[PDB]
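In the form deposited in one PDB entry, a lone chain appears below as structure tokens.
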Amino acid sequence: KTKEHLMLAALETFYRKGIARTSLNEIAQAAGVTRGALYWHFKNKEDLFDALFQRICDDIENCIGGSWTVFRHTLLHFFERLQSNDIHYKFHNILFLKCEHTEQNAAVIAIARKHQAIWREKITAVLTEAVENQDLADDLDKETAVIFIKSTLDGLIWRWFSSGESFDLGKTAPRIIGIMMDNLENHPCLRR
């Protein structure tokens, strides 16, 4: 029952050509099946992409003392896996570099926005649990903190991919995370 084989074929084709220029025919041909066999498992490009997104989010929550400490470990492990896990590597490379916000990709981009709001929620919860445990201040502007966290991580990923991986992510990621963590805990500009 390996609907996993069809996902990995879409991942390879999205990786090689981008999402806009990938056709269902290509994915089926790459997965070595008929259009009909592909269709029984995934109606169209969006559901392939949604399912890869789900696989990524599931790997993250699997790998999951203290809530704020766990969060630190989650961000660190994320950038490790970006380097050592080929699916995580190729998926985020697609998300940041091969997903033009065109009207051809409108439904893929709605999918991505859907997981963005899930992730915003998981962050808002971590921030609230951290306020309660006294890791963050009570006047933490949580809404700007969520933007702050997402921008920081997005910028490192975007920088690393868009530069052709020209720097050592294993050296650089802990320092970016270390700084961002310190700012959330201490910087006045992140409060109301």
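Note that residue numbering begins at 1 and tracks the sequence as displayed. Rigid core here is just the name for the largest C-alpha set that superposes within 1.5 Å across the two forms.
Not pictured, yet referred to below: the form deposited in another entry.
Comparing C-alpha positions between the shown form and the other one after a rigid core fit, one residue in 162, 144, 128, 29 moves 2 angstroms or more. It is 29. After superposition on the rigid core, displacement of the C-alpha of residue 18 between the shown form and the other one amounts to 2 Å or more. When the rigid core is held fixed, the Cα atom of residue 153 travels less than 2 angstroms between the shown form and the other one. Comparing the forms between the shown form and the other one on their rigid core, the Cα displacement of residue 107 reaches 2 Å or more. Shown here is a form in which the CA atoms of residue 88 and residue 107 lie at least 3 Å farther apart than they do in the other form.
In the other form, the Cα atoms of residue 72 and residue 56 sit 3 Å or more farther from each other than they do here.
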